[PDB]
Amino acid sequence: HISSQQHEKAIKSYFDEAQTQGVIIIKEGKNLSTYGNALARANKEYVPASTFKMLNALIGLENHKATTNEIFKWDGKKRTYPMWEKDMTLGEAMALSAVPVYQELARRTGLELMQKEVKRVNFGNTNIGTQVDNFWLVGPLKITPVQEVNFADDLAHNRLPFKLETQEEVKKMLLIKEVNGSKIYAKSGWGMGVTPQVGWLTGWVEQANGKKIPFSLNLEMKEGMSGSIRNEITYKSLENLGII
């Protein structure tokens, strides 16, 4: 079959072609595999950006700050994108990366409860600072790609410290693709308020046989770069390895 050298070269070429620097961590059982064109990013800390939504939702639901069918009403003020100027549930806001909805959720949770829950979960450096509505966007909260793939592994297998119903609700919110009997659950992320800008795509693959293969793509986003580049490189890498 295909050599490890060829797989590594192919995935590295996906990041090279996009003219960026990035890594993608794959986890099978307890083993971590690092691929990409800048392997040292694996243990470097970056803001989680939208990937934090997964945990924001978990906390919000567990602590009764919202329900899965509650509709967060658009307040009528201009948003960064027209697509965000509407009423939506947590799940809809997850799919649209609707930051305003999640900022409202964070405000309901409150700084004190948020700091305690982020600590309880041991997410990244666990520090949210003093601003409850933007700590995952501009710091001080940071996390490495290894910690992100492990967070995905824990959520996929319901190991996080939340009722299993809560975990299942948030997981249902993350289905972004189906391919050849395989289901891909993930959350993209783009930290535009930091320099350099970081891009993320963290989730897992649920294969027909029921096995789950967690992953975390992390790269530098550059001016005039497409968010869908995080997805194409992720899908191409997963396919090259025979995961999907």
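Position 1 is the first residue in the sequence shown; the rest follow in order.
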The stretch whose C-alpha atoms carry the larger average B-factor in the entry, 178-186 or 50-58, is 178-186
Quick note on 127-135 and 143-151: per-entry mean CA temperature factor is higher in 127-135
Looking only at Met94, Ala106, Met88, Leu164, the Cα with the top B-factor belongs to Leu164
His64: C-alpha B-factor third of its chain, per the entry, is the middle
On the chain's distribution of Cα B-factors, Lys211 falls within the third called highest
The third of the chain into which the C-alpha temperature factor of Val205 falls is the highest
Of the three thirds of the chain ranked by Cα temperature factor, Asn218 occupies the lowest
Temperature factor at the Cα of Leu39, chain-ranked in thirds, falls in the lowest
